[PDB]
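Text of the file final-v5.csv, holding CSV, C-alpha atoms and all ligand atoms:
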```csv
chain,number,residue,atom,x,y,z
A,4,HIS,CA,34.1,44.4,-64.0
A,5,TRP,CA,36.4,41.6,-65.0
A,6,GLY,CA,35.3,39.5,-67.9
A,7,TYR,CA,36.6,37.9,-71.2
A,8,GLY,CA,36.6,41.0,-73.5
A,9,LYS,CA,39.7,42.9,-74.8
A,10,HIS,CA,39.5,45.5,-72.2
A,11,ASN,CA,38.6,43.3,-69.2
A,12,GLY,CA,39.9,39.9,-70.0
A,13,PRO,CA,42.5,37.6,-68.4
A,14,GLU,CA,45.5,39.8,-69.2
A,15,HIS,CA,43.8,42.5,-67.1
A,16,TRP,CA,42.7,40.5,-64.0
A,17,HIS,CA,46.0,41.0,-62.1
A,18,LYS,CA,45.2,44.7,-61.5
A,19,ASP,CA,42.2,43.8,-59.3
A,20,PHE,CA,43.4,40.3,-58.3
A,21,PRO,CA,47.2,40.4,-57.9
A,22,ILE,CA,47.2,36.6,-57.1
A,23,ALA,CA,46.6,36.2,-60.8
A,24,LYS,CA,50.5,36.2,-61.0
A,25,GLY,CA,50.8,33.8,-58.0
A,26,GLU,CA,52.7,30.6,-57.5
A,27,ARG,CA,49.9,28.1,-58.1
A,28,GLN,CA,47.5,29.5,-60.8
A,29,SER,CA,45.3,27.6,-63.0
A,30,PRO,CA,44.8,26.4,-65.7
A,31,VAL,CA,48.0,24.9,-66.9
A,32,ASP,CA,49.2,23.0,-69.9
A,33,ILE,CA,49.5,19.2,-69.1
A,34,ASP,CA,52.6,17.9,-70.6
A,35,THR,CA,51.7,14.3,-70.8
A,36,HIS,CA,55.3,13.1,-71.2
A,37,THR,CA,56.5,15.1,-68.1
A,38,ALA,CA,53.6,14.1,-65.8
A,39,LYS,CA,54.7,11.3,-63.6
A,40,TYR,CA,52.8,8.2,-62.7
A,41,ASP,CA,52.3,8.0,-58.9
A,42,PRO,CA,51.4,4.4,-58.0
A,43,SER,CA,50.5,5.5,-54.5
A,44,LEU,CA,47.5,7.8,-55.3
A,45,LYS,CA,44.5,5.9,-53.9
A,46,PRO,CA,41.5,5.0,-56.0
A,47,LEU,CA,39.3,7.9,-56.9
A,48,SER,CA,35.6,7.8,-55.7
A,49,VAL,CA,32.9,9.8,-57.4
A,50,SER,CA,29.6,9.1,-55.5
A,51,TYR,CA,26.8,11.1,-57.2
A,52,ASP,CA,23.8,8.7,-56.6
A,53,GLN,CA,22.1,11.0,-54.1
A,54,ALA,CA,22.9,14.2,-55.8
A,55,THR,CA,20.2,16.9,-55.5
A,56,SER,CA,20.4,19.6,-58.2
A,57,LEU,CA,18.4,22.7,-57.5
A,58,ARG,CA,18.8,25.5,-60.0
A,59,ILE,CA,20.6,26.7,-63.0
A,60,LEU,CA,22.0,30.3,-63.1
A,61,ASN,CA,23.5,32.5,-65.8
A,62,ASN,CA,26.0,34.5,-63.7
A,63,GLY,CA,27.3,36.7,-66.6
A,64,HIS,CA,30.5,34.6,-67.1
A,65,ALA,CA,29.1,31.0,-67.4
A,66,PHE,CA,26.1,29.1,-66.2
A,67,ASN,CA,26.1,27.2,-62.9
A,68,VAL,CA,24.1,24.1,-62.1
A,69,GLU,CA,23.8,24.3,-58.4
A,70,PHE,CA,23.3,21.4,-55.9
A,71,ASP,CA,22.1,21.0,-52.3
A,72,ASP,CA,25.3,20.8,-50.4
A,73,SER,CA,23.8,20.9,-46.9
A,74,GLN,CA,24.4,17.2,-46.5
A,75,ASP,CA,26.8,14.6,-47.8
A,76,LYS,CA,24.8,13.7,-50.9
A,77,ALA,CA,27.3,13.9,-53.9
A,78,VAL,CA,30.9,13.6,-52.8
A,79,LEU,CA,34.3,13.2,-54.2
A,80,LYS,CA,37.0,11.3,-52.3
A,81,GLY,CA,40.1,9.2,-52.9
A,82,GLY,CA,42.7,9.9,-55.5
A,83,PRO,CA,45.0,12.7,-54.2
A,84,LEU,CA,42.3,13.8,-51.7
A,85,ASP,CA,42.4,13.6,-47.9
A,86,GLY,CA,38.8,13.5,-46.6
A,87,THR,CA,35.6,14.2,-48.3
A,88,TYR,CA,34.6,16.9,-50.7
A,89,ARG,CA,30.9,17.9,-51.4
A,90,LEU,CA,29.6,18.9,-54.8
A,91,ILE,CA,28.3,22.4,-54.9
A,92,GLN,CA,28.0,23.3,-58.6
A,93,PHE,CA,29.2,22.5,-62.0
A,94,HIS,CA,29.8,24.8,-65.0
A,95,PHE,CA,31.6,24.9,-68.3
A,96,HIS,CA,34.1,27.0,-70.3
A,97,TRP,CA,33.8,27.0,-74.1
A,98,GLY,CA,34.9,28.7,-77.2
A,99,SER,CA,33.5,30.6,-80.2
A,100,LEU,CA,35.0,27.9,-82.4
A,101,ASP,CA,35.5,24.2,-82.0
A,102,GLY,CA,39.3,24.7,-82.0
A,103,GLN,CA,39.3,26.4,-78.7
A,104,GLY,CA,37.4,26.6,-75.4
A,105,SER,CA,39.2,24.5,-72.8
A,106,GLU,CA,41.2,26.0,-70.0
A,107,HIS,CA,43.6,23.2,-69.4
A,108,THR,CA,45.4,22.0,-72.5
A,109,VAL,CA,47.0,18.6,-73.2
A,110,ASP,CA,50.4,18.8,-74.9
A,111,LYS,CA,49.2,22.3,-75.9
A,112,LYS,CA,45.9,20.9,-77.5
A,113,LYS,CA,42.8,22.9,-76.8
A,114,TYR,CA,39.5,21.1,-76.5
A,115,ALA,CA,36.1,22.7,-77.5
A,116,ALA,CA,35.0,23.0,-73.9
A,117,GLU,CA,35.8,22.0,-70.3
A,118,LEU,CA,33.4,21.0,-67.5
A,119,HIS,CA,34.3,21.8,-63.9
A,120,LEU,CA,32.5,19.9,-61.1
A,121,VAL,CA,33.3,22.0,-58.0
A,122,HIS,CA,33.5,20.4,-54.6
A,123,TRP,CA,34.5,21.8,-51.1
A,124,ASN,CA,36.3,20.0,-48.3
A,125,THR,CA,33.7,19.2,-45.6
A,127,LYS,CA,36.2,19.8,-42.8
A,128,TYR,CA,35.8,23.6,-43.5
A,129,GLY,CA,32.0,23.7,-43.0
A,130,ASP,CA,31.0,25.6,-46.1
A,131,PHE,CA,32.3,26.8,-49.5
A,132,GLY,CA,33.2,30.3,-48.4
A,133,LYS,CA,35.4,29.1,-45.6
A,134,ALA,CA,36.9,26.3,-47.8
A,135,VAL,CA,38.1,28.7,-50.5
A,136,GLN,CA,40.4,30.4,-47.9
A,137,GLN,CA,42.3,27.2,-47.4
A,138,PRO,CA,45.0,25.6,-49.6
A,139,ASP,CA,43.1,22.3,-49.7
A,140,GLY,CA,39.6,23.8,-49.6
A,141,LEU,CA,38.3,22.7,-53.0
A,142,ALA,CA,38.6,19.7,-55.4
A,143,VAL,CA,37.6,20.5,-59.0
A,144,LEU,CA,37.0,17.6,-61.4
A,145,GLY,CA,37.8,18.8,-64.9
A,146,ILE,CA,36.5,17.0,-67.9
A,147,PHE,CA,37.3,17.9,-71.5
A,148,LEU,CA,34.6,18.1,-74.2
A,149,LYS,CA,35.2,17.3,-77.9
A,150,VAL,CA,32.7,17.7,-80.7
A,151,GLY,CA,31.4,14.5,-82.2
A,152,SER,CA,28.6,12.3,-81.0
A,153,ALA,CA,25.9,13.9,-78.8
A,154,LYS,CA,26.1,13.4,-75.0
A,155,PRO,CA,22.6,12.3,-74.0
A,156,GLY,CA,23.1,13.2,-70.4
A,157,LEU,CA,23.9,16.9,-71.4
A,158,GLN,CA,20.7,17.5,-73.3
A,159,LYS,CA,18.6,18.5,-70.3
A,160,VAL,CA,21.1,21.2,-69.6
A,161,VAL,CA,21.1,22.3,-73.3
A,162,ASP,CA,17.3,22.5,-73.4
A,163,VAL,CA,17.0,24.9,-70.4
A,164,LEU,CA,19.5,27.4,-71.7
A,165,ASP,CA,16.8,29.4,-73.6
A,166,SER,CA,15.3,30.2,-70.2
A,167,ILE,CA,18.5,31.6,-68.8
A,168,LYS,CA,19.8,33.5,-71.8
A,169,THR,CA,21.0,36.6,-70.0
A,170,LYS,CA,23.0,37.5,-66.9
A,171,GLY,CA,21.1,37.1,-63.6
A,172,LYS,CA,18.4,34.7,-65.0
A,173,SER,CA,17.9,31.4,-63.1
A,174,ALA,CA,15.5,28.5,-63.5
A,175,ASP,CA,14.5,25.5,-61.4
A,176,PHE,CA,16.7,22.6,-62.4
A,177,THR,CA,15.8,19.6,-60.1
A,178,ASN,CA,16.5,15.9,-60.6
A,179,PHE,CA,19.5,16.3,-62.9
A,180,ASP,CA,22.0,13.4,-62.7
A,181,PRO,CA,25.6,14.5,-63.1
A,182,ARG,CA,26.7,10.9,-63.6
A,183,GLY,CA,25.5,11.4,-67.2
A,184,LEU,CA,28.4,13.9,-67.8
A,185,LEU,CA,31.3,11.4,-66.8
A,186,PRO,CA,33.5,9.5,-69.3
A,187,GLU,CA,34.0,5.8,-68.9
A,188,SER,CA,37.5,6.0,-67.4
A,189,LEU,CA,38.4,7.9,-64.3
A,190,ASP,CA,42.1,8.0,-65.2
A,191,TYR,CA,43.4,11.5,-64.3
A,192,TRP,CA,46.1,14.0,-63.8
A,193,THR,CA,46.3,16.0,-60.6
A,194,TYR,CA,48.1,19.2,-59.4
A,195,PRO,CA,47.6,22.0,-56.9
A,196,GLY,CA,46.2,25.2,-58.4
A,197,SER,CA,43.6,27.9,-58.2
A,198,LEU,CA,40.1,29.0,-59.3
A,199,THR,CA,40.3,30.0,-62.9
A,200,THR,CA,38.0,33.0,-62.5
A,201,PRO,CA,38.4,35.9,-60.1
A,202,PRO,CA,39.0,35.8,-57.2
A,203,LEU,CA,41.6,33.3,-58.5
A,204,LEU,CA,42.1,31.9,-55.0
A,205,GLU,CA,44.8,29.2,-54.6
A,206,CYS,CA,42.6,26.6,-52.9
A,207,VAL,CA,42.1,23.9,-55.5
A,208,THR,CA,43.3,20.3,-55.9
A,209,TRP,CA,42.7,19.9,-59.6
A,210,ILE,CA,41.7,16.4,-60.9
A,211,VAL,CA,41.6,16.5,-64.7
A,212,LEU,CA,40.3,13.4,-66.5
A,213,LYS,CA,42.3,12.0,-69.4
A,214,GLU,CA,39.2,10.8,-71.3
A,215,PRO,CA,37.1,13.6,-72.9
A,216,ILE,CA,33.4,13.3,-73.4
A,217,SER,CA,31.8,13.8,-76.8
A,218,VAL,CA,29.1,16.4,-77.3
A,219,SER,CA,27.4,17.2,-80.6
A,220,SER,CA,28.0,20.3,-82.7
A,221,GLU,CA,24.3,21.3,-82.0
A,222,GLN,CA,24.9,21.0,-78.2
A,223,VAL,CA,27.9,23.3,-78.2
A,224,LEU,CA,26.1,25.7,-80.6
A,225,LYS,CA,23.4,26.2,-78.0
A,226,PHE,CA,26.0,27.1,-75.4
A,227,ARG,CA,27.2,29.8,-77.8
A,228,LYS,CA,23.7,31.4,-77.9
A,229,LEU,CA,23.9,32.4,-74.3
A,230,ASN,CA,24.6,36.1,-73.4
A,231,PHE,CA,27.1,37.7,-71.1
A,232,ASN,CA,24.8,40.8,-71.0
A,233,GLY,CA,21.6,41.3,-69.0
A,234,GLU,CA,18.2,41.4,-70.6
A,235,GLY,CA,17.6,44.8,-72.3
A,236,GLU,CA,21.3,45.4,-72.9
A,237,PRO,CA,23.3,45.0,-76.2
A,238,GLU,CA,23.8,41.4,-77.0
A,239,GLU,CA,27.2,39.9,-76.4
A,240,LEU,CA,27.4,36.2,-77.0
A,241,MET,CA,28.8,34.2,-74.1
A,242,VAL,CA,31.7,32.6,-75.9
A,243,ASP,CA,35.4,32.3,-75.2
A,244,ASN,CA,34.9,32.3,-71.4
A,245,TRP,CA,38.2,30.5,-70.8
A,246,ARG,CA,41.4,31.6,-69.1
A,247,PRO,CA,44.6,30.5,-71.0
A,248,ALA,CA,47.3,28.3,-69.5
A,249,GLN,CA,49.3,29.9,-66.7
A,250,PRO,CA,53.0,29.2,-65.8
A,251,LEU,CA,53.5,25.9,-64.0
A,252,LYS,CA,56.2,27.3,-61.7
A,253,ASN,CA,57.2,25.0,-58.9
A,254,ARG,CA,54.7,22.3,-59.5
A,255,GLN,CA,54.6,18.7,-60.7
A,256,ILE,CA,51.6,17.1,-62.4
A,257,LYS,CA,51.0,13.6,-61.2
A,258,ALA,CA,49.2,10.9,-63.3
A,259,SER,CA,47.0,8.2,-61.9
A,260,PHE,CA,47.8,5.8,-64.7
A,261,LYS,CA,50.6,4.3,-66.9
B,1,LIG,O1,36.1,33.7,-49.6
B,1,LIG,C1,35.0,34.0,-49.8
B,1,LIG,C2,34.3,34.0,-51.1
B,1,LIG,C3,34.9,33.9,-52.3
B,1,LIG,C4,34.2,33.5,-53.5
B,1,LIG,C5,33.0,34.2,-53.8
B,1,LIG,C6,32.2,33.9,-54.9
B,1,LIG,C7,32.8,32.9,-55.7
B,1,LIG,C8,34.0,32.3,-55.5
B,1,LIG,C9,34.7,32.6,-54.4
B,1,LIG,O2,34.4,31.4,-56.4
B,1,LIG,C10,34.2,31.6,-57.8
B,1,LIG,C11,34.4,30.4,-58.6
B,1,LIG,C12,33.8,29.1,-58.4
B,1,LIG,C13,34.1,28.0,-59.2
B,1,LIG,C14,35.2,28.1,-60.1
B,1,LIG,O3,35.6,27.2,-60.9
B,1,LIG,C15,35.9,29.3,-60.2
B,1,LIG,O4,36.9,29.3,-61.1
B,1,LIG,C16,35.5,30.4,-59.5
B,1,LIG,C17,32.8,32.3,-58.1
B,1,LIG,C18,31.9,31.7,-59.2
B,1,LIG,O5,31.0,30.9,-58.9
B,1,LIG,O6,32.2,32.1,-60.4
B,1,LIG,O7,32.1,32.6,-56.9
B,1,LIG,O8,34.2,34.4,-48.8
B,1,LIG,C19,34.8,34.3,-47.5
B,1,LIG,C20,33.7,34.6,-46.5
B,1,LIG,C21,32.6,33.6,-46.4
B,1,LIG,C22,31.4,33.7,-47.3
B,1,LIG,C23,30.5,32.7,-47.2
B,1,LIG,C24,30.5,31.6,-46.3
B,1,LIG,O9,29.5,30.7,-46.2
B,1,LIG,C25,31.6,31.5,-45.5
B,1,LIG,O10,31.8,30.5,-44.5
B,1,LIG,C26,32.6,32.5,-45.5
B,1,LIG,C27,35.9,35.3,-47.2
B,1,LIG,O11,35.7,36.4,-48.0
B,1,LIG,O12,36.8,35.1,-46.4
B,2,ZN,ZN,35.6,26.7,-64.2
```
Conversion result in structure tokens:
Amino acid sequence: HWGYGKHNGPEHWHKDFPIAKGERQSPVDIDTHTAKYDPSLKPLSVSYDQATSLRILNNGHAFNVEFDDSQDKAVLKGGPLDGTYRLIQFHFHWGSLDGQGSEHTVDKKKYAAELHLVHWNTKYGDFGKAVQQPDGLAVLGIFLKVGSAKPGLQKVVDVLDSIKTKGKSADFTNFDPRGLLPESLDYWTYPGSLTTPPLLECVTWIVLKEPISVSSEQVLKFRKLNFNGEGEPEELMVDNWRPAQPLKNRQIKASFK
């Protein structure tokens, strides 16, 4: 029964998930002046041309756009990564107000939302085995600011009416995640965790410096989703972000400057 309310939100999660107070939790604040440029990271490779989206699901915390991950079709490699990581799903975290919503922060700045493209290390065979390993996942995080519309997001926005409440899904084929990427792939990277329960410490985070722009109308549609199931009292799906966690014994590396 974890969630984002007062009685079940992030400050409570540790009771069911003690790793919430662990040594490599996410998100974190990215102190841009303290991140160090690492000239050895290798180039980062996002290869989404054969991506096969299948479905979109309201899971009661966010919505997931799910991909066919039964072959190497949409993969992330390079950068800090050893080997190849397959795209399984993406989702967002967002606020009730444009002044909050991101999980990572940049010099304490909160963005309106944050996109997570979730990938698992193919050496572990599937996602459920991967999440039990310290290098099991690579999550590409992309900040959203409110300004111009993102054309490549609109297909997602337009289907949300059909998945308003928890447990609803809809077919969502032929969606191209390349339409969600900024121009630059400059990034910060650090070892962390899932940002929702079970909070497993299995993620190499790759957080892009350049945000994408989405329109006020687009984010407003996100905020019409519901945490609740159909036929239950309406609770808008907003503020589904975990705040920054202590950095502890970690260094954030930059791919640039
Ligand atoms: O570890 C797991 C499963 C953990 C898990 C389950 C559901 C999840 C999950 C992890 O990640 C969460 C998640 C995903 C993305 C995020 O950004 C995030 O913050 C949180 C969550 C969600 O989608 O919100 O779903 O299963 C294996 C078994 C097991 C099960 C299945 C298999 O195929 C296998 O080989 C082994 C085991 O229990 O050892
Ligand atoms: Zn996430």
Checklist outcome for this item: Using only C-alpha atoms, the residue out of A:196, A:202, A:237, A:145 with shortest distance to residue A:255 is A:196
Next on the checklist: Applying 8 Å and all atoms listed in the file, which residues near residue A:188 remain after dropping the ones on its own chain fewer than 4 positions away? List them as a list in words.
Outcome noted: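 Close residues of residue A:188: residues 212, 213 and 214 of chain A.
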Output file for the selection above: C-alpha atoms, as a PDB file, keeping the file's coordinate frame:
```pdb
ATOM      1  CA  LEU A 212      40.300  13.400 -66.500  1.00  0.00           C
ATOM      2  CA  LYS A 213      42.300  12.000 -69.400  1.00  0.00           C
ATOM      3  CA  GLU A 214      39.200  10.800 -71.300  1.00  0.00           C
TER       4      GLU A 214
END
```
Next on the checklist: Report as a PyMOL selection string all protein, DNA and RNA residues lying within 12 Å of stretch 33-41 of chain A, evaluated on all atoms listed in the file, omitting residues in the same chain fewer than 4 positions from it.
Outcome noted: chain A and resi 29+45-46+82-83+106-113+190-194+209-213+248-251+254-261
Checklist entry - Residues within 7 Å of ligand LIG 1 (chain B) (all atoms listed in the file), as a list in words? => result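 Sorted by chain and then by number, the residues are residues 119, 121, 129, 130, 131, 132, 133, 135, 136, 198, 199, 200, 201, 202 and 203 of chain A.
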Next on the checklist: Need the shell around residue A:71: protein/DNA/RNA residues with any atom at most 7 Å away, counting all atoms listed in the file. Skip same-chain ones fewer than 3 positions apart. Format as JSON, numbers by chain?
Outcome noted: {"A": [55, 56, 57, 91]}
Checklist entry - Closest to residue A:185 among A:206, A:141, A:120, A:160, using all atoms listed in the file? => result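 Using all atoms listed in the file, the shortest distance to residue A:185 belongs to A:120.
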Item to check | Interatomic distance, atom CA of residue A:139 to atom CA of residue A:72 (Å, one decimal) | outcome: 17.9 Å
Checklist outcome for this item: note - atom CA of residue A:227 and atom CA of residue A:10 are separated by 20.7 Å
Next on the checklist: What does the structure give for the distance between atom CA of residue A:228 and atom CA of residue A:240, in Å to one decimal?
Outcome noted: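 Interatomic distance, atom CA of residue A:228 to atom CA of residue A:240: 6.1 Å.
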Checklist entry - With all atoms listed in the file as the atoms that count, which of A:243, A:26, A:117, A:187 lies nearest to ligand ZN 2 (chain B)? => result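 Of A:243, A:26, A:117, A:187, the one nearest ligand ZN 2 (chain B) is A:117, counting all atoms listed in the file.
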Item to check | Minimum-distance residue to ligand ZN 2 (chain B), chosen among A:128, A:97, A:231, A:114 (using all atoms listed in the file) | outcome: A:97
Item to check | A:105, A:253, A:61, A:232 ranked by distance to ligand ZN 2 (chain B), top pick (using all atoms listed in the file) | outcome: A:105
Item to check | Proximity to ligand ZN 2 (chain B) - best of A:4, A:27, A:252, A:94, all atoms listed in the file | outcome: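 Smallest separation from ligand ZN 2 (chain B) among the options: A:94.
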